[PDB]
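Enquirer: An experimental structure, sequence included, is below.
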Amino acid sequence: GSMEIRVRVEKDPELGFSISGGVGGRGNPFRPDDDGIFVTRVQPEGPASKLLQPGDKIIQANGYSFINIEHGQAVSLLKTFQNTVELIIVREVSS
Amino acid sequence: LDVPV
């Protein structure tokens, strides 16, 4: 199934994860059909350690919607924020 | 290419 999760990540000075996807982006390693923004790698001793995992779909960040967001806009937002970033993600969970 | 943030 799926679930939404709030995730706070404190930049130090990066978030410590990578993303792929977005409208106008090249897709993602997880779902062919989805234009969403997906977490693809998490630095193991970085700020997102234990909080995010590859395959998490970002649908909001500091109150900005990431649903069908363009690739460049998502990168710009995440890179522009400072200090704390409050994410909402959709995580797939084992049946 | 993924993008580190």
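Expert: Here it is on my side, so go on. Numbers count the residues shown, from 1 in each chain, chains lettered A, B, ... in the order given.

Enquirer: The residue most central in space within chain A: what secondary structure?
Expert: When CA atoms, centre = their mean is applied to chain A, the residue found nearest the centroid is residue A:58 (3.9 Å). For residue A:58, the assignment made with DSSP: H, G, I helix; E, B strand; the rest coil gives strand.

Enquirer: hey, what's it bridged with?
Expert: residue A:37, residue A:89 (DSSP bridges).

Enquirer: Please report phi then psi for residue A:78.
Expert: With angles defined as degrees, to the nearest 10, residue A:78 sits at phi -60, psi -40.

Enquirer: mind listing what it touches?
Expert: Taking CB atoms under 8 Å, 6 or more residues apart in numbering or on different chains, we find residue A:78 in contact with A:15, A:19, A:61, A:85, B:5. For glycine as for every other residue, the C-beta is placed from the backbone atoms N, C-alpha and C.

Enquirer: Which of the residues you listed fall in helices?
Expert: Using DSSP state H to define helices, no part of the contacts of residue A:78 is located there.

Enquirer: where does chain A come near chain B, residue by residue?
Expert: A:14-15, A:17-20, A:26, A:40-41, A:75, A:78-79 (CB under 8 Å from any CB of the partner chain).

Enquirer: which of those residues lies closest to residue A:8?
Expert: residue A:15 (10.9 Å; CB to CB).

Enquirer: and residue A:34, what is it in contact with?
Expert: Per CB under 8 Å, 6+ apart, neighbours of residue A:34: A:21, A:28, A:57.
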